[PDB]
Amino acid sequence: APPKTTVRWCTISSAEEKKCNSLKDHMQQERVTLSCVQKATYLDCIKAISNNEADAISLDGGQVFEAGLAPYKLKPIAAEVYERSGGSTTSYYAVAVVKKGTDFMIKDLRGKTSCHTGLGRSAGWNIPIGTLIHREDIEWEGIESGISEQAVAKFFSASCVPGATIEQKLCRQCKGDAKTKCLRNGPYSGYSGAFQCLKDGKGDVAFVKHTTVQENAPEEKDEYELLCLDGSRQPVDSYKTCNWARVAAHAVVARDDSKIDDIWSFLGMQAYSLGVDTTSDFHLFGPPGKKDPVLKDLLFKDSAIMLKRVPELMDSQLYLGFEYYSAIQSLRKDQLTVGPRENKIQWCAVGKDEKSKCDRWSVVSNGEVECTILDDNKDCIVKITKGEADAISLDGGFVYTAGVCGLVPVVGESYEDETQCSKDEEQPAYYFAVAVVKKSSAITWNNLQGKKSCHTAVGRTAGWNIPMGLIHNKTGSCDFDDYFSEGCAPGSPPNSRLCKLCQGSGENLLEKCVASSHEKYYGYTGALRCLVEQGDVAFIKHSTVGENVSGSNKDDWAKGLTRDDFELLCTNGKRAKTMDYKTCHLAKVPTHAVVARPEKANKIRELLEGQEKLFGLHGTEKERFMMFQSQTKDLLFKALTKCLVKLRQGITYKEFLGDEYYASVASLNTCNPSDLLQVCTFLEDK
């Protein structure tokens, strides 16, 4: 994506400002050219980037955190990649390195001396200080107006903690001048300096990363060891079973509101040219048998092997994870101490009709269920990943996109009241993907190209995945929009051909193609209405038809209706009667399931057995409120849900979906993963 612009890099040391000037000499000869600015701190760099003075910096996990907060909301545009044998990674392990032969365990660290990478840094500060507090060791039980975070000064006798401008005990083991021993860029900073601090005997432990012995002493690795959390010691190479955490790689932050394309163009180019095996001398990442610590980790960490572009949906919150974001938070802000599950579950509700239905559930339940609101499914999957909402019942297609994201199926929606439900329950039986047509017996399966189709929504089992999975296999073109003549598939780009037949809120202005019941044509019932009113095709499930037809839907569009007005389209070319599913469907597909973070999932499940005993379809207070009946159409739960089938503990979204449906939504998504699917693909790594 084209400029011919300068990118203003922000360096926070003069060593690093020399590797940056050597790099803009290495391609003054490109569309995208570099410029270098030097600031004392990365925090002078952050607001340098807030104001439009600078354009990039590769910040630690810890300082990507603070760059992502207001009044500058910089986001991660690329990440460092790292391994040896197995592949590449987007993360690293914080370790606590000790000398072989000293004899302290983790219990015994008090009145010891520590070498730190820096103040506010992951492996160096956040991981190990945060872990000491949590265990009991560092005694800090907040800043209400409690004096505080440098209470490590009390724990450690003296330390070397670069950036500390509060404590003196913390500046104490640092080599260098007087003014400059305790600077960020000072001699005992980074992984490599904190390692040297320990080599020297200026600390008893160094709070470093998993490659720090090997980049600094590959030669004398047998002389060092790791300090495990279980009150044992493990060898240098046993860090997979002896680390303190796994944090998000350092990553390049840049204004959201700007030129993230030129920075990635420069970076993409640079790396391709001056990468790991360059064809001679400028190396952007190059780290052998120890150099001088101040020479290490300039621009990018020496252990970085590539720079991986970060999907546009990612923020810092999402970038760091739920655990690490919240661990920063713990120590970084207030004592947040007796509210981990705040015993109300937050339901995620898509748009205003489900909100009102939810709100009623809250009332009625006596606030056992509480409610969150969002405009999309997509947006609701983000809140859950982020701990801002806890659960949502989703179509199987969204189950796939959610499981990719780390969320797990809790209860499967069963559409037999009847079959599978307790003792009764086996596995939520599967429904069927179907193609519905009207009167005209011209239209066939094999004649749809050019038709005027209708879809439940984009990325919905029945409404999109089966239909488009199937068409796409035929054609082998990622052209979806340009197959049908015009259509409705809410959540489609507004410009699309597939945003053409949507009618939004009534038609009454509001919102012509959103994926919510704010859109006229959203859901299974929404796209039958499209058939009836505009559509040529309706991609729906097997009972839609027989749910709204012969006096079942009492809407005016549906008023006249009968199942005689509809037929099904077979894949063989032929047609059939709606009341014939087993013999003429698009495919047999898994049900709708409620998903949650895996930690949350066993008290969601009892919440729901609780609520179902009361508001389910043989509920005790079902006169007060029936959970599975909607005042519009499907709202929270599909409207003819009979019960919620319990998934056994630790079931993955793949096992839930099965291999057929797993393989069709994988294969379809080889073409145009949505932004939430791209954030979550990235993050399977974390």
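Heads up: residue numbers just count along the shown sequence, starting at 1.
Peer 1: Comparing 520-528 with 346-354, where is the mean C-alpha B-factor higher?
Peer 2: Between 346-354 and 520-528, it is 520-528 that shows the higher mean C-alpha B-factor.
Peer 1: Look up the CA B-factors in the entry and say which stretch, 169-177 or 185-193, has the higher mean.
Peer 2: Per the PDB record, 169-177.
Peer 1: Highest Cα temperature factor in the entry, among the options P590, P128, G118, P287: which one is it?
Peer 2: Comparing C-alpha B-factors across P590, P128, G118, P287, the top value belongs to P287.
Peer 1: Which has the highest CA B-factor per the PDB entry: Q329, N216, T337, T113?
Peer 2: Spelled out: the listed residue with the top C-alpha B-factor is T337.
Peer 1: Using the B-factors in the PDB entry, rank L501's C-alpha atom against the chain and give the third, lowest, middle or highest.
Peer 2: Within its chain, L501 is a highest-third residue by C-alpha B-factor, going by the deposited values.
Peer 1: If you rank every modelled residue in this chain by C-alpha B factor, which third holds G146: lowest, middle or highest?
Peer 2: Within its chain, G146 is a highest-third residue by C-alpha B-factor, going by the deposited values.
Peer 1: Tell me, lowest, middle or highest third: where does the Cα B factor of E16 rank within its chain?
Peer 2: Its C-alpha B-factor belongs to the middle third of this chain's values.
Peer 1: Hey, what third does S630 fall into on Cα B-factor, ranked over its chain?
Peer 2: Tercile = middle for this residue's CA B-factor.
Peer 1: What third of its chain's C-alpha B-factors does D302 belong to: lowest, middle or highest?
Peer 2: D302: CA B-factor falls in the lowest third of its chain.
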